[PDB]
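Have a look at structure-v3.txt; it's compact mmCIF, C-alpha atoms and all ligand atoms:
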```txt
# COMPACT_ATOMS: atom_id res chain seq x y z
CA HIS A 1 121.63 391.17 67.93
CA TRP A 2 124.86 389.31 68.70
CA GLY A 3 127.17 387.99 66.00
CA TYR A 4 130.80 387.96 64.90
CA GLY A 5 131.20 391.45 63.41
CA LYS A 6 133.11 394.46 64.70
CA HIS A 7 130.04 395.94 66.34
CA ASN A 8 128.34 392.81 67.67
CA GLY A 9 131.15 390.27 68.13
CA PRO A 10 132.61 388.45 71.13
CA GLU A 11 133.91 391.62 72.84
CA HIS A 12 130.34 392.95 72.98
CA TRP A 13 128.49 389.84 74.16
CA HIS A 14 128.91 390.56 77.88
CA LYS A 15 126.55 393.53 77.69
CA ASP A 16 123.57 391.29 76.96
CA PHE A 17 125.04 388.07 78.44
CA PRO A 18 127.03 389.01 81.56
CA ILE A 19 128.01 385.36 82.10
CA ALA A 20 130.43 386.01 79.22
CA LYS A 21 132.84 387.07 81.99
CA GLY A 22 132.04 384.08 84.19
CA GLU A 23 134.07 381.47 85.96
CA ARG A 24 133.85 378.57 83.48
CA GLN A 25 133.68 380.09 79.99
CA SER A 26 134.65 378.38 76.73
CA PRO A 27 136.63 377.98 74.60
CA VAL A 28 140.08 377.92 76.26
CA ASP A 29 143.65 377.40 75.23
CA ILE A 30 144.77 373.85 76.00
CA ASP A 31 148.30 374.08 77.35
CA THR A 32 149.46 370.55 76.63
CA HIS A 33 152.32 370.61 79.14
CA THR A 34 150.04 371.73 82.01
CA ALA A 35 147.13 369.37 81.30
CA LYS A 36 147.42 366.39 83.62
CA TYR A 37 146.89 362.77 82.71
CA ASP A 38 144.00 361.45 84.82
CA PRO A 39 144.20 357.62 84.90
CA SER A 40 140.72 357.48 86.46
CA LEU A 41 139.19 358.74 83.19
CA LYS A 42 137.45 355.93 81.31
CA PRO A 43 137.57 355.42 77.54
CA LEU A 44 135.03 357.46 75.68
CA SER A 45 132.07 355.48 74.34
CA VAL A 46 130.79 356.99 71.10
CA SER A 47 127.75 354.97 70.01
CA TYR A 48 126.51 356.46 66.73
CA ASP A 49 125.50 353.32 64.78
CA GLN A 50 121.76 354.06 65.18
CA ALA A 51 122.02 357.82 64.54
CA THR A 52 119.05 359.37 62.70
CA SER A 53 119.98 362.67 61.07
CA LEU A 54 116.97 364.74 59.99
CA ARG A 55 117.77 368.20 58.68
CA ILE A 56 120.48 370.79 58.10
CA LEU A 57 119.81 374.43 59.03
CA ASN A 58 121.67 377.70 58.46
CA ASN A 59 120.83 379.58 61.69
CA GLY A 60 122.73 382.77 60.83
CA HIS A 61 125.71 381.81 63.02
CA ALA A 62 126.71 378.38 61.65
CA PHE A 63 124.92 375.40 60.12
CA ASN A 64 123.52 372.62 62.29
CA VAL A 65 122.99 369.02 61.24
CA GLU A 66 120.14 367.94 63.50
CA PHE A 67 119.33 364.46 64.78
CA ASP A 68 116.34 362.66 66.23
CA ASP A 69 116.98 362.89 69.98
CA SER A 70 113.61 361.49 71.12
CA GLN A 71 115.26 358.12 71.88
CA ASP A 72 118.73 356.85 72.79
CA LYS A 73 119.89 356.39 69.20
CA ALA A 74 123.26 358.16 69.06
CA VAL A 75 124.80 358.61 72.50
CA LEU A 76 128.04 359.57 74.19
CA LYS A 77 129.01 357.92 77.47
CA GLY A 78 132.11 357.15 79.48
CA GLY A 79 135.15 359.36 79.68
CA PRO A 80 134.49 362.03 82.31
CA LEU A 81 130.73 361.62 81.98
CA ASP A 82 128.19 360.13 84.36
CA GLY A 83 125.14 358.85 82.56
CA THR A 84 124.02 359.01 78.97
CA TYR A 85 124.19 362.00 76.65
CA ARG A 86 122.13 362.08 73.45
CA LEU A 87 123.38 363.62 70.21
CA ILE A 88 121.13 366.50 69.19
CA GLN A 89 123.18 368.31 66.52
CA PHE A 90 126.62 369.01 65.17
CA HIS A 91 128.05 372.18 63.66
CA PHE A 92 131.38 373.81 62.92
CA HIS A 93 133.25 377.05 63.51
CA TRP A 94 135.72 378.14 60.84
CA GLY A 95 137.89 380.96 59.58
CA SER A 96 138.32 383.25 56.61
CA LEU A 97 141.86 381.82 56.23
CA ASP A 98 143.34 378.40 56.95
CA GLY A 99 145.37 379.83 59.89
CA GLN A 100 142.34 380.52 62.08
CA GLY A 101 138.86 379.23 62.74
CA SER A 102 139.00 376.93 65.74
CA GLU A 103 137.62 377.99 69.11
CA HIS A 104 139.85 375.89 71.32
CA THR A 105 143.55 376.25 70.69
CA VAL A 106 146.39 373.88 71.52
CA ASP A 107 149.53 375.58 72.86
CA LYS A 108 148.06 378.70 71.20
CA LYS A 109 147.79 376.96 67.80
CA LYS A 110 144.59 377.76 65.89
CA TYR A 111 143.18 375.15 63.53
CA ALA A 112 141.26 375.93 60.34
CA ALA A 113 137.96 374.85 61.89
CA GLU A 114 136.42 372.95 64.79
CA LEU A 115 133.53 370.46 64.80
CA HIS A 116 131.18 370.39 67.79
CA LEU A 117 128.99 367.31 68.34
CA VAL A 118 126.46 368.48 70.92
CA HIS A 119 124.89 366.04 73.37
CA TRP A 120 122.51 366.46 76.32
CA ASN A 121 122.22 364.53 79.56
CA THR A 122 119.12 362.35 79.44
CA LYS A 123 118.54 362.69 83.18
CA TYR A 124 117.19 366.20 82.44
CA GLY A 125 114.57 365.07 79.94
CA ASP A 126 115.04 367.70 77.21
CA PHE A 127 117.74 369.96 75.82
CA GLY A 128 116.20 373.16 77.16
CA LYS A 129 116.25 371.80 80.72
CA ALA A 130 119.75 370.38 80.27
CA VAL A 131 121.29 373.76 79.41
CA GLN A 132 120.20 375.01 82.85
CA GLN A 133 122.37 372.40 84.61
CA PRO A 134 126.14 372.35 85.27
CA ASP A 135 126.38 368.83 83.82
CA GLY A 136 123.67 369.26 81.21
CA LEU A 137 125.68 368.97 78.00
CA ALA A 138 128.69 367.15 76.66
CA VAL A 139 130.25 368.66 73.54
CA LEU A 140 132.76 366.57 71.61
CA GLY A 141 135.16 368.92 69.86
CA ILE A 142 137.28 367.87 66.88
CA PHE A 143 139.84 370.06 65.17
CA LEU A 144 140.01 370.37 61.37
CA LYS A 145 143.26 370.98 59.50
CA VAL A 146 143.55 371.52 55.76
CA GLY A 147 145.18 368.70 53.79
CA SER A 148 143.54 365.60 52.34
CA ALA A 149 139.77 365.57 51.90
CA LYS A 150 137.56 363.96 54.53
CA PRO A 151 135.28 361.67 52.49
CA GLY A 152 132.61 361.54 55.18
CA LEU A 153 132.30 365.34 55.14
CA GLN A 154 131.48 365.63 51.45
CA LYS A 155 127.73 365.00 51.78
CA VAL A 156 127.60 367.98 54.15
CA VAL A 157 129.66 370.17 51.81
CA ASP A 158 127.46 369.40 48.83
CA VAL A 159 124.18 370.45 50.48
CA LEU A 160 125.48 373.85 51.61
CA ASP A 161 124.40 375.51 48.34
CA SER A 162 120.79 374.79 49.33
CA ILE A 163 121.12 376.52 52.74
CA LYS A 164 123.21 379.50 51.72
CA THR A 165 121.36 382.06 53.82
CA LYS A 166 120.03 382.43 57.35
CA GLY A 167 116.80 380.55 58.00
CA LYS A 168 117.14 378.07 55.15
CA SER A 169 116.94 374.36 55.92
CA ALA A 170 117.04 371.17 53.89
CA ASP A 171 116.24 367.53 54.50
CA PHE A 172 119.42 365.72 55.56
CA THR A 173 118.58 362.10 56.39
CA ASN A 174 120.83 359.04 56.60
CA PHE A 175 124.02 360.96 57.36
CA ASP A 176 126.49 358.94 59.44
CA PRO A 177 128.51 361.16 61.82
CA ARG A 178 131.00 358.34 62.41
CA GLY A 179 132.58 359.47 59.15
CA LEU A 180 133.69 362.73 60.82
CA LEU A 181 135.76 361.14 63.61
CA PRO A 182 139.55 360.72 63.67
CA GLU A 183 141.15 357.35 64.39
CA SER A 184 142.04 358.00 68.03
CA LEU A 185 139.63 359.00 70.79
CA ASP A 186 142.38 360.40 73.05
CA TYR A 187 141.04 363.62 74.54
CA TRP A 188 141.33 366.55 76.90
CA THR A 189 138.39 367.48 79.14
CA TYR A 190 137.35 370.43 81.30
CA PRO A 191 134.15 372.09 82.58
CA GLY A 192 132.98 375.01 80.46
CA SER A 193 130.23 376.73 78.58
CA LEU A 194 128.39 377.19 75.35
CA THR A 195 130.67 379.25 73.11
CA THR A 196 127.85 381.42 71.75
CA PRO A 197 125.16 383.37 73.58
CA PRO A 198 123.53 382.51 75.92
CA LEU A 199 127.01 381.29 77.03
CA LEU A 200 125.48 379.02 79.69
CA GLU A 201 127.92 377.18 81.93
CA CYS A 202 126.45 373.76 81.28
CA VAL A 203 129.08 371.91 79.19
CA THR A 204 131.55 369.14 79.88
CA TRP A 205 134.00 369.73 77.04
CA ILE A 206 135.72 366.70 75.50
CA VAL A 207 138.26 367.84 72.88
CA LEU A 208 139.97 365.16 70.79
CA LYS A 209 143.73 365.39 70.41
CA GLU A 210 143.82 364.05 66.83
CA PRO A 211 142.52 366.50 64.19
CA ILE A 212 140.73 365.38 61.08
CA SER A 213 141.99 366.53 57.68
CA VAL A 214 139.66 368.24 55.21
CA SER A 215 140.55 369.57 51.79
CA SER A 216 140.97 373.21 50.84
CA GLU A 217 137.96 372.78 48.53
CA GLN A 218 135.82 371.49 51.40
CA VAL A 219 136.58 374.43 53.68
CA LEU A 220 136.22 376.90 50.80
CA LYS A 221 132.63 375.74 50.49
CA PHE A 222 131.99 376.49 54.18
CA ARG A 223 133.19 380.02 53.43
CA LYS A 224 130.57 380.55 50.70
CA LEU A 225 127.76 380.41 53.25
CA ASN A 226 126.10 383.66 54.33
CA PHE A 227 125.31 385.13 57.75
CA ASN A 228 122.54 387.18 56.19
CA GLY A 229 119.09 386.16 55.07
CA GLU A 230 118.01 385.92 51.45
CA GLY A 231 117.57 389.31 49.81
CA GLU A 232 119.84 391.02 52.35
CA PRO A 233 123.36 392.33 51.67
CA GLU A 234 125.76 389.42 51.39
CA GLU A 235 128.03 388.87 54.39
CA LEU A 236 130.13 385.72 54.10
CA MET A 237 129.84 383.28 57.00
CA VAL A 238 133.50 383.22 58.06
CA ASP A 239 135.30 383.71 61.39
CA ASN A 240 132.32 382.49 63.42
CA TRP A 241 134.58 381.54 66.33
CA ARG A 242 134.89 382.88 69.87
CA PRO A 243 138.53 383.33 70.99
CA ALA A 244 140.02 381.59 74.01
CA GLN A 245 138.72 382.74 77.40
CA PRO A 246 140.48 382.80 80.78
CA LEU A 247 140.94 379.36 82.32
CA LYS A 248 140.46 380.74 85.86
CA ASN A 249 140.06 378.05 88.51
CA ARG A 250 140.01 375.03 86.21
CA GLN A 251 142.26 372.11 85.38
CA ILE A 252 142.31 370.48 81.99
CA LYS A 253 142.66 366.70 82.25
CA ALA A 254 144.13 364.40 79.60
CA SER A 255 142.93 360.87 78.91
CA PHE A 256 146.35 359.87 77.61
CA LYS A 257 149.99 359.96 78.62
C1 LIG A 301 119.27 375.31 70.40
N1 LIG A 301 120.42 376.02 70.93
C2 LIG A 301 121.78 375.49 70.83
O1 LIG A 301 122.01 374.43 70.33
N2 LIG A 301 122.81 376.32 71.39
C3 LIG A 301 124.22 375.96 71.36
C4 LIG A 301 124.69 374.66 71.38
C5 LIG A 301 126.05 374.41 71.35
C6 LIG A 301 126.94 375.47 71.30
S1 LIG A 301 128.69 375.15 71.29
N3 LIG A 301 129.35 376.15 70.18
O2 LIG A 301 129.15 375.53 72.62
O3 LIG A 301 128.83 373.75 70.94
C7 LIG A 301 126.46 376.77 71.28
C8 LIG A 301 125.10 377.01 71.32
ZN ZN A 302 130.11 375.26 68.60
```
Structure rendered as structure tokens:
Amino acid sequence: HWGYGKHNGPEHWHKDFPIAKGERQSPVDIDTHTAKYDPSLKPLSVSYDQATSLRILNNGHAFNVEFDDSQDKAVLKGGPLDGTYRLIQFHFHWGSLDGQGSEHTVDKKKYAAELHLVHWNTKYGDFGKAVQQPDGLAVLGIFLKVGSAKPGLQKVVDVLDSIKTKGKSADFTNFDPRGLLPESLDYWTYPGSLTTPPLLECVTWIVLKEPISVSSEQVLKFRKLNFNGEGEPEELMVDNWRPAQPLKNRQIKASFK
């Protein structure tokens, strides 16, 4: 089964998921000098005040904080998007060392981690249908650098002990994802894919320019998670990131000058 090891990592994925070598794969390097300001891009609208978090799950690849997406409670609109995209889950990708971990890079710079807030287009009715469409998902990507702690992350950090291993979940209600955002909503955007198998080319990527800061202690706790299930040999959940893929026939647009 696919993963992030030497024998099942990103360089192997194409054998089971041939779209890995497709025309709009993610992540990518964001060359800041080549991205073009697009004045026709509208401000992002992040409407999370009514978000209902439910649960946190270690799925063997990352941990997902899941939300109630049966109504328009936490939605992303505007920017490059047509229509309304409902928040279903967020998760992170991170490194074994502070110098790597992000999936997108910025002028080849790797951040310590990257947060993905995953949303699906309500015109397709459910998430499983949305991933089959070229405009099915909108993923809001936020870089993490190590410095000061992010207070709004701590409730996530402190539950990780209870979901150490693959398949474990815990109740995770009343978590406010607004506490994970940076100050500015300036962003880059481009058409891409899921960054894990099945690698479907269904994502409008919206990557914020401003990183959030998290503390060394916070990221160290991410690195205590396990890829393995309970009672299996311990393999630390680290370096669960796909490297940058060829941009091919795509333009990255900037919301800002
Ligand atoms: C239930 N399946 C599911 O959520 N798959 C999924 C979602 C998002 C991403 S990412 N890394 O591109 O944001 C990858 C896989
Ligand atoms: Zn992701």
Can you find the residues with an atom no farther than 9 Å from (134.6, 354.4, 71.1), counting only C-alpha atoms, and report them as a PDB file with C-alpha atoms, in the frame of the given file?
```
ATOM      1  CA  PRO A  43     137.570 355.420  77.540  1.00  0.00           C
ATOM      2  CA  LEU A  44     135.030 357.460  75.680  1.00  0.00           C
ATOM      3  CA  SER A  45     132.070 355.480  74.340  1.00  0.00           C
ATOM      4  CA  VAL A  46     130.790 356.990  71.100  1.00  0.00           C
ATOM      5  CA  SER A  47     127.750 354.970  70.010  1.00  0.00           C
ATOM      6  CA  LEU A  76     128.040 359.570  74.190  1.00  0.00           C
ATOM      7  CA  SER A 184     142.040 358.000  68.030  1.00  0.00           C
ATOM      8  CA  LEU A 185     139.630 359.000  70.790  1.00  0.00           C
TER       9      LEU A 185
END
```
Excluding region 110-123 of chain A and residues on its chain fewer than 5 positions from it, collect all residues at most 6 Å away from it, counting all atoms listed in the file, and give them as a list in words. residues 84, 85, 86, 87, 88, 89, 90, 91, 92, 93, 94, 98, 99, 100, 101, 102, 105, 136, 137, 138, 139, 140, 141, 142, 143, 144 and 145 of chain A
Which one of A:41, A:212, A:28, A:75 sits closest to residue 242 (chain A) if you count only C-alpha atoms?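 Closest candidate: A:28.
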Selection: 8 Å around region 178-181 of chain A, all atoms listed in the file, excl. self and same-chain fewer than 6 positions, as a list in words: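 The residues that qualify are residues 48, 49, 142, 150, 151, 152, 153 and 212 of chain A.
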Can you work out the spacing between CA of residue 201 (chain A) and CA of residue 40 (chain A) in Å, to one decimal?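 If I compute the distance from CA of residue 201 (chain A) to CA of residue 40 (chain A), I get 23.9 Å.
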Residue among A:51, A:157, A:207, A:163 lying closest to ligand ZN 302 (chain A), counting all atoms listed in the file: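 For ligand ZN 302 (chain A), the nearest of the given residues is A:207.
Using all atoms listed in the file, the nearest neighbour of residue 168 (chain A) within the list A:230, A:217, A:82, A:239 is A:230.
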If we count all atoms listed in the file and set the cut-off at 10 Å, which residues sit around region 245-247 of chain A, ignoring sequence neighbours fewer than 2 positions away in its own chain? Please answer as a short mmCIF file (atom, residue, chain, number, x, y, z; two decimals) with C-alpha atoms, in the frame of the given file.
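Result written to selection.cif:
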```cif
data_model
loop_
_atom_site.label_atom_id
_atom_site.label_comp_id
_atom_site.auth_asym_id
_atom_site.auth_seq_id
_atom_site.Cartn_x
_atom_site.Cartn_y
_atom_site.Cartn_z
CA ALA A 20 130.43 386.01 79.22
CA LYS A 21 132.84 387.07 81.99
CA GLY A 22 132.04 384.08 84.19
CA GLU A 23 134.07 381.47 85.96
CA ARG A 24 133.85 378.57 83.48
CA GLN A 25 133.68 380.09 79.99
CA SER A 26 134.65 378.38 76.73
CA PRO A 27 136.63 377.98 74.60
CA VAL A 28 140.08 377.92 76.26
CA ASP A 29 143.65 377.40 75.23
CA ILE A 30 144.77 373.85 76.00
CA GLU A 103 137.62 377.99 69.11
CA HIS A 104 139.85 375.89 71.32
CA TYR A 190 137.35 370.43 81.30
CA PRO A 191 134.15 372.09 82.58
CA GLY A 192 132.98 375.01 80.46
CA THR A 195 130.67 379.25 73.11
CA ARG A 242 134.89 382.88 69.87
CA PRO A 243 138.53 383.33 70.99
CA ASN A 249 140.06 378.05 88.51
CA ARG A 250 140.01 375.03 86.21
CA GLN A 251 142.26 372.11 85.38
CA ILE A 252 142.31 370.48 81.99
#
```
Residue nearest residue 214 (chain A) among A:240, A:165, A:148, A:173 (counting only C-alpha atoms):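 The closest residue to residue 214 (chain A) is A:148.
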Pick from A:130, A:164, A:67, A:62, whichever lies nearest to ligand ZN 302 (chain A) using all atoms listed in the file: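 Of the candidates, the smallest distance to ligand ZN 302 (chain A) is held by A:62.
CA of residue 129 (chain A) is found 26.9 Å from CA of residue 176 (chain A).
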Using only the atoms of region 120-132 of chain A listed in the file, plus 8 Å on each side, state the axis-aligned box centre and edge lengths in Å rounded to one decimal, as JSON.
```
{"center_x": 118.5, "center_y": 368.7, "center_z": 79.5, "size_x": 23.9, "size_y": 28.7, "size_z": 23.4}
```
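With only C-alpha atoms and all ligand atoms as the basis for measurement, A:63 is the residue among A:172, A:256, A:63, A:222 that approaches ligand LIG 301 (chain A) most closely.
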Report, in Å to a single decimal, how far apart CA of residue 218 (chain A) and CA of residue 170 (chain A) are.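 Between CA of residue 170 (chain A) and CA of residue 218 (chain A) the gap works out to 18.9 Å.
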If we count all atoms listed in the file, what is near residue 15 (chain A) at a cut-off of 12 Å, once residues fewer than 6 positions away on the same chain are taken out, given as an NGL selection string? :A and (1-2 or 8-9 or 21 or 197-198)
